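Form deposited in one PDB entry, single chain, as structure tokens, below.
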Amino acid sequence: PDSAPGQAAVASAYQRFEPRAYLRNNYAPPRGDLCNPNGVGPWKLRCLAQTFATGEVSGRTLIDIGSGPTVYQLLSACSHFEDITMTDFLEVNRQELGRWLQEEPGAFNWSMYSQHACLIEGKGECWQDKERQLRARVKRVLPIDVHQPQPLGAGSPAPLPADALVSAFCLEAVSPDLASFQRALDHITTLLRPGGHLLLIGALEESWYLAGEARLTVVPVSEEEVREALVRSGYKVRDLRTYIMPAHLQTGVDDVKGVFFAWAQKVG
């Protein structure tokens, strides 16, 4: 059917997206509380760390899809890829990453996440080295639209196809419905080499979330709907985990019921 209308609503809504409110909502306490191991923050970092610790996810290049203003999702990844591409639809997010990349004071402070990543990776790495290395390995920050058949545009700067994809809380957060979600997943898959890996983190059964003035509409998906899409896009699912959001972390910034983590390998 028609994708333009729904997508247009999505683009319109996001023009009001406030990175600082989003950061506050999802990455400052209580959700940003890395001290409780039962919290969502540690669960996120744990999924990534353990996945990369298998040694099975490696290569030269990685593309992070819909990075927004966050970098936690690359902390464990950055030791396994020489070349990392970050991306976002919104200029204000790309600028936010720009501040962190220049190590400015005004930048969001990710050091708790960096340290925690060092803690659970168990190699006694200090967090300053971790951060220095991610900053070195991020080779570009690009505009992206996952609804386009070529999400990075034509003749993009990105090394293609990539050995690996990371995407956290993007697809479900920018797709009006499941069909759109599936197509988004189809589009980003054209960027991954056959046999490459996709690490997909996202919200389960979420219909809305706030980022300042902007209230955004999210397609609520289930674990089984996420599995089907991955199969439908040509992936073998290696791992699919579910975190049930505790009530004390359900804060009125959204209606998220849980979080999913998928490690999928593109068939070919």
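A residue's number is simply how far along the shown sequence it sits, counting from 1. Throughout, rigid core stands for the largest set of C-alpha atoms superposing within 1.5 Å between the two forms.
There is also a form deposited in another entry; it is not shown, and the following applies to it.
Residue shifts between this form and the one not shown, rigid core superposed: of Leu216, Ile201, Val221, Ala229, the only C-alpha displaced by 2 Å or more belongs to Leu216. Once both forms are fitted on their rigid core, the CA atom of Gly59 lies less than 2 Å apart between this form and the one not shown. In the core-superposed comparison between this form and the one not shown, the C-alpha atom of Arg238 has shifted by less than 2 angstroms. Once you line up the core between this form and the one not shown, the Cα of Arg31 ends up 2 Å or more from where it was.
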